Amino acid sequence: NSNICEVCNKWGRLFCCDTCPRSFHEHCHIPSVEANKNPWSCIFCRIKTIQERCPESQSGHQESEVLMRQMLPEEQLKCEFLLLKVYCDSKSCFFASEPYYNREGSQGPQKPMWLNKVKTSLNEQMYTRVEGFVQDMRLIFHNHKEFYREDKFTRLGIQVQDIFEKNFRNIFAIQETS
Ligand SMILES: [Zn+2]
Ligand SMILES: [Zn+2]
Ligand SMILES: [Zn+2]
């Protein structure tokens, strides 16, 4: 197994996947690494299993059909994996904890949002459809773009949004377009 956490790239108390060489800190893995379970399979392995069992799950989909799906166990897992993929980028640190807004010439968003809040929400089964999760995720970047205006710091939102959107298209097999 790897000797660093797959998400944050640090050593520490690591839990090792039994079906692939990845390791994780407890609360870096999403969901949090399970108390017992021998063998244990990580979220990457579980998502690979879904694909293997239903190879047609990788044919193209329309985003609008994906958003309306109910959060059954497989969609739940997919949103967990998408969320983990954003945390894997170091630039996620800017969006993880609860923000605050006090900048001359700007006003705070009406609805603040952050990754840790989406993580709690997923854990507490508060999203009934994929749409709920995806809306909160995009809301994080949108709020950032709006607040930081022409400051070059706006680019961080564009960057992490791009990671989110590429992973969304991949995980939910969105039909490729030009
Ligand atoms: Zn970690
Ligand atoms: Zn694994
Ligand atoms: Zn099938």
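Here the Cβ is made from the backbone with ideal geometry for all residues, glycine too, and neighbour counts use every protein chain on show. The values are calculated or read from the model by the stated rules, or taken from the named source; nothing here is a laboratory result.
The residues in the stretch 116-131 that are touching a residue at least 40 places away in the same chain (Cβ under 8 Å) and in a helix (DSSP H, G or I) can be counted, and the count is 5. If we keep just the residues of the stretch 47-65 that are in a loop (DSSP other than H, G, I, E, B) and polar (S, T, N, Q), which is nearest to ligand 3 (Cβ to nearest atom)? Checking each candidate, the answer is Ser59. The condition of being more than 12 Å from the chain's Cα centre (by Cα), of a type in the set (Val, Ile, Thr) and in a helix (DSSP H, G or I) holds for only one of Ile158, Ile163, that being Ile158.
For the stretch 18-27, filtered to residues that are under 15 Å from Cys88 (Cα atoms) and surrounded by fewer than 21 Cβ atoms within 10 Å (Cβ to Cβ), the residue that is nearest to ligand 2 (Cβ to nearest atom) is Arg22. The one condition from (1) surrounded by fewer than 17 Cβ atoms within 10 Å (Cβ to Cβ); (2) in contact with a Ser or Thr (Cβ under 8 Å, 6 or more places away or on another chain); (3) not in a helix (DSSP H, G or I) that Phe15 does not meet is (1). Residues of the stretch 133-156 that are touching a residue at least 60 places away in the same chain (Cβ under 8 Å) and over 30 Å from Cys54 (Cα atoms): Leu156 alone. Is at least one residue of the stretch 58-77 more than 15 Å from ligand 1 (Cβ to nearest atom), hydrophobic (A, V, I, L, M, F, W, C), loosely packed, with under 13 Cβ neighbours inside 10 Å and not assigned by CATH to the domain that holds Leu156? Checking the stretch 58-77: not a single residue is more than 15 Å from ligand 1 (Cβ to nearest atom), hydrophobic (A, V, I, L, M, F, W, C), loosely packed, with under 13 Cβ neighbours inside 10 Å and not assigned by CATH to the domain that holds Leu156. Any residue at all in the stretch 14-29 that's among the aliphatic types (A, V, I, L, M), closer than 30 Å to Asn143 by Cα and either within 16 Å of ligand 1 (Cβ to nearest atom) or in contact with a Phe, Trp or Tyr (Cβ under 6 Å, 6 or more places away or on another chain) (or both)? So far as the stretch 14-29 goes, no, none of its residues is among the aliphatic types (A, V, I, L, M), closer than 30 Å to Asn143 by Cα and either within 16 Å of ligand 1 (Cβ to nearest atom) or in contact with a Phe, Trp or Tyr (Cβ under 6 Å, 6 or more places away or on another chain) (or both).
For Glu150, are the conditions met, namely being assigned to a helix (DSSP H, G or I) and more than 24 Å from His29 (Cβ to Cβ)? Judged against the criteria, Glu150 is not a match.
In a residue-by-residue description of the stretch 134-143, the property of being closer than 18 Å to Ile43 by Cβ, part of a helix (DSSP H, G or I) and among the polar types (S, T, N, Q) applies to no position.
Does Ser41 fit the bill of being surrounded by 14 or more Cβ atoms within 10 Å (Cβ to Cβ) and under 17 Å from the mean Cα position of the chain (by Cα)? Criteria not met by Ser41. Considering the stretch 166-178, the residues that are in contact (Cβ under 8 Å) with a residue 24 or more places away in the chain and part of a loop (DSSP other than H, G, I, E, B) include one that is surrounded by the most Cβ atoms within 10 Å (Cβ to Cβ), namely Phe172. Note on the stretch 1-12: residues that are closer than 17 Å to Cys45 by Cα, more than 11 Å from ligand 2 (Cβ to nearest atom) and outside any strand (DSSP E or B) total 1.
Among the residues of the stretch 35-46, those identified as part of a loop (DSSP other than H, G, I, E, B) and either away from ligand 2 (no atom under 13 Å from the Cβ) or β-branched (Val, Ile, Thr) (or both) are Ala35, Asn36, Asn38.
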